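Notes follow once the structure below has been shown.
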Amino acid sequence: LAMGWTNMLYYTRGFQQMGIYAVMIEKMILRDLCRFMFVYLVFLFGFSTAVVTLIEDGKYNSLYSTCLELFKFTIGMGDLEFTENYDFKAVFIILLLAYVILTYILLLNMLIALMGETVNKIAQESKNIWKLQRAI
Amino acid sequence: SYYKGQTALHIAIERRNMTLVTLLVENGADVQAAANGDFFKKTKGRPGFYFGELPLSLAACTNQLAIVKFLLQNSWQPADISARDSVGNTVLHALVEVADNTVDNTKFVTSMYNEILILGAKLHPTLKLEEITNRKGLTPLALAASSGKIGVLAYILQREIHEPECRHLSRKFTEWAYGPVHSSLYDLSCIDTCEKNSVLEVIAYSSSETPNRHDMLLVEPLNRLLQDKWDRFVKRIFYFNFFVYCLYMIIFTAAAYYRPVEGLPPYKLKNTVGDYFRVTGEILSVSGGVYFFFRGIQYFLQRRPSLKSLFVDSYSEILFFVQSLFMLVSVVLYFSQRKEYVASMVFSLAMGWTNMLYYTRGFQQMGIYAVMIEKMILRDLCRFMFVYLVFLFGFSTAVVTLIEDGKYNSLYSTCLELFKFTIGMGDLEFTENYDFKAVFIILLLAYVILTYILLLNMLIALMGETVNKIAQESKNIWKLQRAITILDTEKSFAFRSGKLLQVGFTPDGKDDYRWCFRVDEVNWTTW
Amino acid sequence: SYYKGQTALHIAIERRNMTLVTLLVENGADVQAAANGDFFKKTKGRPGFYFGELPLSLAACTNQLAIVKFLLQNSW
Ligand SMILES: CCCCCCCC(=O)OC[C@H](COP(=O)(O)O[C@@H]1[C@H](O)[C@H](O)[C@@H](OP(=O)(O)O)[C@H](OP(=O)(O)O)[C@H]1O)OC(=O)CCCCCCC
Ligand code: NA
């Protein structure tokens, strides 16, 4: 059902502006999201392993729970105090602050910048690809 | 001492008067006097002009072609062509020195270089000026590579000569031509392997002080060489290293995730399979840590940075070394019956997972992305962090001074509460222990408007500008990063190219081979 | 096998010498020989140049208008 509702976007061709928009989405997915996702997953996994190793026991002593907690920061819902089952508070805070500064403040904004560059670069190519999509 | 050493020949050559030069040469004045005055020294004060300290070099470096012709074709006292000054530089060395990467300057320097080379071939066919090395132990090509003289290096690496008895001087050749396609040969003599210093290792290991270290490798033969070596063997070696590092990090993660958590290490060895595997994993991780520590030590000993490029170059090396230091401190704490070994090892684990990003080179797009990350961290995050920390500390102090008592009466708690706004989790009502609500709200609103709405968005804008500005520079830096990887892979322990014949006869009877590297190009005009 | 199939017509056309081309055509050398050498093949190795494997095509593909005029307007 979800796949079908997303595939609804195929018929966006046949209308010039929406077709160009969809072609741009396709290019962005291919390049920028892929590179960003690789680097972001590396950082998230590394810091999640460090944090979960630090924790002694409790609800968040599993890799999945801590990975979800770390991911919540990306969507503007990070807690910074989601647990207290550790021996060293300074290490916990330093790890969390480093992860935040490295991903939330740096990588997301750089992704915005690179998206802007790509948008600047691929206008005529997007129009030509839309024309080819309509010819097919 | 300042002007001392000058003779009338120097003044005559400077003023550019042929008649006076000839008349003065009639008397027989020596044409080998060296001007050692400080004005003629390299950089002894802002005033000065280095020209090699000889009349021949002075003529060569000041648009005096007729004068150098005369000095080399005068019967009374012919001018020596191999003469070396106090610094050890010859005429070609001085010509390289005076180059400054300007269109007219480069044109003249290359033209005089070629003319003097041809003249030296004519008068002294046996002598080869290109091998004369100054007191520093550098040939003119090595000097050009080290000094950052892009134009001279480009001219030298691909010069062609088409005159009788002096075609052997050329470095590029033409093996064969058929229709619009012809094959050219480049001389790899003393470019990739020289056993004392070569163009590639001189360029790659040059300190950041050198002007055009990034753009130097864009000269055709060097780029072709680097790509050829990569595709030949370095790609596979690099892939194997990347795979081994991934396995090591996985083993380290698995060992750390299953630590026994019982109190006051060291811990005993329970007779079970899992405990045996955990012990093996931690031994392997410690072995990797010591290996990286020793690698960093020998790197520092060999390169021997100037103690300032440490903070400007070799970021990867220092990061790997710091990871190893954390691991070693962790081991020492562990065997000393302390719990802080866990803190050290988690720091090391996070550092290693981030250092995983080093192997992003070897893939063009990801390498460019990583270079961009490095630039952004150096510039934009640093400036933003300074200003943001100032604002955050000031407003935190104001707020915590306002509060009377409670949980948030400490500087740390209020700083954390103020920081939560930056990540989209600010409360605006986190406390009520104050006398004035209006002051509290005004302070919080001012802090929000100043940071969240203004500085973050301006950071996005400046990041966009920087991204717009640093594309080609990022690609060049990635190319340099891959060249360094290739050279290090070779040095840790392949040859140049096929041996071939190009001239068939040197000025002497015997012939020569010069380890050429083939390139094929297609032309559709100028038949 | 590499250069095999070439005839003197191909060399004459390549060097762009009308006089030699005419003199060689006087003898009556066939103008339909096909050069099947690997150098003349499409992509059999980095060295090579595809031109169609005929003197007419070689003239057409190498700025030889007078030569193709001659080959198409020769009585012999
Ligand atoms: C405070 C931290 C400082 C270290 C981080 C510094 C920020 C950062 O992103 O790391 C860079 C490092 C690559 O550095 P690496 O030394 O190998 O590459 C060189 C580096 O860029 C130097 O500045 C120059 O050295 P040199 O001229 O040839 O002699 C030259 O570039 P340029 O400047 O001349 O144009 C490059 O050759 O990448 C990682 O491996 C770690 C993964 C990133 C993880 C980042 C997490 C911090
Ligand atoms: Na939020």
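By Swiss-Prot numbering, chain B shows 197-603, 627-712, 719-752, in order.
For all residues, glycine too, the Cβ spot is worked out from N, Cα and C.
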Inquiry  = Check for me whether Swiss-Prot puts B:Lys504 and B:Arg534 on a single side of the membrane.
reply    = no
Task = Would you mind telling me which one of B:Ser278, B:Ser481, B:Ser502, B:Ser711 Swiss-Prot calls phosphoserine?
result = B:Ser502
Message = Say a student had to find the phosphothreonine annotation in Swiss-Prot: which of B:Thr370, B:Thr476, B:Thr650 would be the correct pick?
response = B:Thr370
Remark   = argmin Cα dist to B:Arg557 (resiniferatoxin binding site) over the recorded positions B:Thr370, B:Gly643, B:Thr704 returns B:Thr704
Query = So of all those recorded positions, B:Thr370, B:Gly643, B:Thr704, which one's Cα sits nearest to B:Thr550 (resiniferatoxin binding site)?
reply = B:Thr704
Inquiry  = Nearest by CA distance to B:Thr704 (phosphothreonine): which of the binding-site residues is it, out of B:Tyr511, B:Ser512, B:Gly643?
reply    = B:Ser512
Task = Compare B:203-228, B:249-276, B:285-321 by their Cβ pairs under 8 Å to the repeat 'ANK 6' (B:335-358) and return the stretch that comes out on top.
result = B:285-321
Request  = Tell me, if you would, which residue among B:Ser512, B:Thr550 (binding-site residues) has the fewest other CB atoms within 10 Å in the structure shown?
outcome  = B:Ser512
Remark   = For ligand 2, the recorded positions of B:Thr370, B:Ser512, B:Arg557, B:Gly643, B:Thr704 whose CB is under 6 Å from one of its atoms are B:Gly643
